[PDB]
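Reviewing the structure listed below.
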RNA sequence: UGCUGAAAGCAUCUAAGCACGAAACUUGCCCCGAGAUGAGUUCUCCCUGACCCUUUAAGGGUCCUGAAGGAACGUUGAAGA
RNA sequence: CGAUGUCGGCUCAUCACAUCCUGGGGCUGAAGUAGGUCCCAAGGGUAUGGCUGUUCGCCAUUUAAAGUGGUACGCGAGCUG
RNA sequence: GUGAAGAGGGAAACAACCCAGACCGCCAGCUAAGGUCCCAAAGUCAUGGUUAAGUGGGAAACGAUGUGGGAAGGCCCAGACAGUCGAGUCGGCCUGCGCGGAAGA
Ligand SMILES: [K+]
Ligand SMILES: [K+]
Ligand SMILES: [K+]
Ligand SMILES: [K+]
Ligand SMILES: [K+]
Ligand SMILES: [K+]
Ligand SMILES: [K+]
Ligand SMILES: [K+]
Ligand SMILES: [K+]
Ligand SMILES: [K+]
Ligand SMILES: [K+]
Ligand SMILES: [K+]
Ligand SMILES: [Mg+2]
Ligand SMILES: [Mg+2]
Ligand SMILES: [Mg+2]
Ligand SMILES: [Mg+2]
Ligand SMILES: [Mg+2]
Ligand SMILES: [Mg+2]
Ligand SMILES: [Mg+2]
Ligand SMILES: [Mg+2]
Ligand SMILES: [Mg+2]
Ligand SMILES: [Mg+2]
Ligand SMILES: [Mg+2]
Ligand SMILES: [Mg+2]
Ligand SMILES: [Mg+2]
Ligand SMILES: [Mg+2]
Ligand SMILES: [Mg+2]
Ligand SMILES: [Mg+2]
Ligand SMILES: [Mg+2]
Ligand SMILES: [Mg+2]
Ligand SMILES: [Mg+2]
Ligand SMILES: [Mg+2]
Ligand SMILES: [Mg+2]
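Residue numbers (the numbering used here), protein chains in the order written: chain X, 1 to 171; chain W, 1 to 6; chain S, 1 to 38; chain P, 1 to 209; chain Z, 1 to 142.
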């Protein structure tokens with residue numbers, strides 16, 4: 001609605017190919033692709049196609065996705081995670097983040113195609129990529145290994161988290 | 001024995 | 001998770017959402033307010 | 001991989017130097033001769049047929065003989081098939097020897113169990129006997145109730161009852177290979193395997209890893 | 001004058017080939033059932049199989065509406081106590097896609113010897129090829 | 001439990017899309033299994049003679065022939081009422 | 001009512017799930033260990049004795065656990081009495 | 001009122017419900033209840049709506065930004081409502097159809 005009725009300005013060094021519903025934004029950082037919903041019509045302006053009930057809702061999604069595809073190729077996305085807890089280290093080797101998270105085994109998260117990662121500190125992971133959905137998924141997967149506990153905040157958190165703690169009862 | 005005895 | 005026939009906003013922070021076809025309450029503030037089966 | 005067909009010679013033991021007695025079944029595995037190679041084109045699956053041992057020339061029928069003549073092998077006492085895995089390749093006429101198992105730690109052994117004939121539920125199913133005494137009338141080893149009442153008013157399929165026991169294909173899995181003697185055509189496996197002395201055994205590398 | 005009766009020894013039966021791709025399962029099956037029984041012929045006779053042979057291609061691409069692809073369940077019982085087994089539509093398509101059409105059509109044919117005989121004239125295939133070029137099937141748009 | 005995500009400028013695991021998730025389910029393991037009448041496949045073996053008649057047809061006889069194999073009988077079995 | 005053998009035990013079960021154990025989860029007045037409570041889950045497992053006709057129960061000692069029900073208060077043309 | 005003492009058709013099957021009262025024959029026709037995609041006779045009929053739950057094809061208090069319709073109201077280009085901004089927005093009422101509540105051998 002309001003989101004769909006608000007066009008995506010493509011900047012310089014970006015190119016688009018509308019093969020029906022299929023779209024391919026491509027710039028410096030990479031080449032992203034999406035097949036849009038059949039109810040959406042793109043031109044970047046997004047609008048509902050007639051003979052579909054949920055046209056405006058579907059348009060507003062398609063808008064938001066192609067806006068992130070634009071940020072994908074121009075700027076790229078960055079997600080930062082930090083490892084709170086004694087002995088909790090991290091390190092990268094090619095496309096494999098090796099975490100020590102207080103387990104008896106080593107955790108070695110294989111990164112997907114687009115995403116790279118860097119550990120500026122032992123207690124920080126800074127993954128980067130074009131696809132906003134994919135960085136989000138990698139970050140969630142890393143967080144899942146040792147989610148922040150509510151007593152001392154120990155675990156993998158997003159840098160951005162307010163990790164509510166609580167006291168361990170009276171007595 | 002009696003079927004259905006008393 | 002509270003599983004109940006009656007689900008209701010408890011907090012001002014509680015939000016009603018329908019996921020699949022189940023009414024749920026999600027509260028950012030208090031996880032005691034998380035509910036389903038509305 | 002493939003397995004081989006052998007004969008149960010009997011059981012013995014191997015004393016180890018460190019004191020242990022290992023009970024072994026001695027399996028005679030003479031050469032398995034490839035008699036046919038099933039292809040994915042002609043047959044729809046990949047396999048080898050093998051023969052082992054020897055049959056009397058007069059007791060091998062003309063159909064049987066012609067099948068062996070095509071292979072170019074001597075008639076054996078039977079024919080068995082082994083599914084080929086991806087990458088395994090064999091030729092018709094190839095003799096496969098017990099050396100196949102030289103670096104195999106565990107095998108599964110398949111044979112026909114000894115035949116107990118018609119067995120009661122005590123033996124066949126480990127039913128509990130009823131009272132020897134305390135008034136039991138003619139119902140010492142009999143199976144007891146075989147169902148409920150009007151609901152369901154029938155006996156359920158698979159109900160455990162008396163019947164033929166043994167004399168059927170059994171596989172014992174994951175038997176340690178104790179020794180492979182290529183010179184004597186022997187395979188020693190730890191522990192008992194199905195069947196009487198003299199009976200045929202199929203030995204395959206263990207499917208559980 | 002007695003009413004005409006078809007005679008099995010003189011019944012003319014033609015071959016047809018249908019493409020199930022994208023067709024709604026039940027709306028295809030009724031048309032198959034009709035033609036296998038011979039309800040489309042003037043010579044229709046309840047006790048005689050007057051229908052046609054029908055090859056059905058692309059059974060794996062048959063369509064269903066709603067959430068039937070996940071939620072339509074095929075039950076069967078094995079005969080053993082506790083032996084109630086089930087498969088969703090999508091499972092049935094993956095494993096054994098020709099059964100989907102066949103089960104639909106069989107439910108719509110007369111029960112009894114003649115209904116079983118009528119079913120034998122349906123030749124369902126998962127893909128786009130059949131081995132029946134000898135019978136020279138004509139294309140049927142249903 | 002999530003990711004991305006509008007409808008609803010926010011938020012939202014869901015509507016479009018994507019991921020994870022249990023001794024349950026489908027497999028994987030073992031056994032039966034083509035009467036699976038939808039009766040499947042592969043390999044090998046065997047038979048390569050004449051005549052007559054009638055209602056002339058997937059017709060019935062006659063003489064010659066008798067295979068591959070099977071069964072039967074016998075000696076039997078760690079197979080078996 | 002021209003007879004549908006009637007408690008309990010034994011033998012043999014089979015199903016439901018409102019789950020006793022084992023498996024997966026959410027909340028906790030969840031530090032940990034251990035609990036509470038609710039959700040998913042029926043694959044498999046789920047004592048032996050003393051007392052009593054007992055069902056049940058109490059008790060002893062175990063166990064991962066000693067589930068709750070339906071099946072003519074499952075089962076006497078199967079046994080007991 | 002029907003059954004009893006009543007057949008036929010419908011309600012899957014079903015004395016007592018719905019339609020309807022069998023003198024006999026017909027390989028004629030029209031209708032009742034009830035029906036018309038296939039089993040199975042007849043509309044894959046027409047036009048306009050609604051529902052997305054297989055609801056239809058079992059159930060309550062009560063719960064809920066499901067979705068359709070209606071009548072009003074507060075606030076708003078002296079810029080609302082949601083996070084400068086630029087058009088609708090908020091919450092109640094009456095109603096249609098759905099959703100949860102919903103465990104058994
Ligand atoms: K007695
Ligand atoms: K066959
Ligand atoms: K009586
Ligand atoms: K818990
Ligand atoms: K269970
Ligand atoms: K029971
Ligand atoms: K009774
Ligand atoms: K009794
Ligand atoms: K009886
Ligand atoms: K008896
Ligand atoms: K009357
Ligand atoms: K329904
Ligand atoms: Mg024997
Ligand atoms: Mg005993
Ligand atoms: Mg006596
Ligand atoms: Mg005795
Ligand atoms: Mg019955
Ligand atoms: Mg009928
Ligand atoms: Mg958003
Ligand atoms: Mg009587
Ligand atoms: Mg439950
Ligand atoms: Mg089950
Ligand atoms: Mg009883
Ligand atoms: Mg007796
Ligand atoms: Mg009885
Ligand atoms: Mg007495
Ligand atoms: Mg009377
Ligand atoms: Mg009547
Ligand atoms: Mg009737
Ligand atoms: Mg009329
Ligand atoms: Mg009709
Ligand atoms: Mg219903
Ligand atoms: Mg309701």
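Ideal placement from N, C-alpha and C gives every residue a C-beta, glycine not left out.
Where residue i sits in the DSSP three-state scheme
| i | result |
| --- | --- |
| residue 92 (chain Z) | helix |
| residue 117 (chain P) | strand |
| residue 11 (chain X) | coil |
| residue 82 (chain X) | strand |
| residue 136 (chain X) | helix |
| residue 152 (chain P) | strand |
| residue 25 (chain P) | strand |
| residue 108 (chain Z) | coil |
| residue 122 (chain P) | helix |
| residue 118 (chain X) | strand |
| residue 145 (chain X) | helix |
| residue 87 (chain Z) | strand |
| residue 9 (chain Z) | helix |
| residue 69 (chain P) | helix |
| residue 134 (chain P) | coil |
C-alpha gap between residue i and residue j, whole angstroms
| i | j | result |
| --- | --- | --- |
| residue 77 (chain P) | residue 17 (chain P) | 39 Å |
| residue 112 (chain P) | residue 200 (chain P) | 8 Å |
| residue 17 (chain X) | residue 23 (chain X) | 6 Å |
| residue 115 (chain X) | residue 124 (chain Z) | 47 Å |
| residue 2 (chain P) | residue 68 (chain X) | 55 Å |
| residue 16 (chain Z) | residue 35 (chain Z) | 10 Å |
| residue 32 (chain X) | residue 109 (chain X) | 23 Å |
| residue 39 (chain S) | residue 33 (chain S) | Residue 39 (chain S) falls outside the range modelled here, since chain S spans only 1 to 38, and no answer is possible. |
| residue 71 (chain Z) | residue 100 (chain Z) | 14 Å |
| residue 177 (chain P) | residue 102 (chain P) | 9 Å |
| residue 182 (chain P) | residue 100 (chain P) | 9 Å |
| residue 5 (chain Z) | residue 45 (chain Z) | 6 Å |
| residue 108 (chain P) | residue 78 (chain Z) | 31 Å |
Cβ neighbours of residue i in the same chain (closer than 7 Å, five flanking residues each side left out)
| i | result |
| --- | --- |
| residue 185 (chain P) | 28, 29, 30 and 98 |
| residue 76 (chain Z) | 85 |
| residue 155 (chain X) | 84, 85, 146, 147, 148 and 149 |
| residue 15 (chain P) | 21 |
Under 8 Å between C-beta atoms of residue i and residue j
| i | j | result |
| --- | --- | --- |
| residue 130 (chain X) | residue 70 (chain X) | no |
| residue 66 (chain X) | residue 25 (chain X) | yes |
| residue 82 (chain P) | residue 37 (chain P) | no |
| residue 126 (chain Z) | residue 29 (chain Z) | no |
| residue 24 (chain Z) | residue 63 (chain Z) | yes |
| residue 159 (chain X) | residue 80 (chain X) | yes |
| residue 162 (chain P) | residue 120 (chain P) | yes |
| residue 49 (chain X) | residue 39 (chain X) | yes |
| residue 170 (chain P) | residue 92 (chain P) | no |
| residue 14 (chain X) | residue 27 (chain X) | yes |
| residue 104 (chain X) | residue 87 (chain X) | no |
| residue 160 (chain P) | residue 125 (chain P) | yes |
Spatial neighbours of residue i in its chain, beta-carbon cut-off 8 Å, leaving aside the 5 residues before and after
| i | result |
| --- | --- |
| residue 14 (chain Z) | 52, 53 and 138 |
| residue 157 (chain Z) | No answer is possible for residue 157 (chain Z): it lies beyond the span of chain Z, which begins at 1 and ends at 142. |
| residue 136 (chain Z) | 15 |
Neighbourhood of residue i by C-beta distance below 6 Å, restricted to the same chain and skipping five residues each side
| i | result |
| --- | --- |
| residue 52 (chain P) | 5, 30, 32 and 76 |
| residue 172 (chain P) | 109 and 193 |
Taking Cβ-Cβ distances below 7 Å as the criterion, which residues of the segment 64-83 of chain Z are in contact with chain P? 79, 80 and 81
### Task
Closer than 9 Å, Cβ to Cβ, to anything on chain Z: give me those residues from the segment 151-175 of chain P, in chain order.
152, 156, 157, 158 and 159
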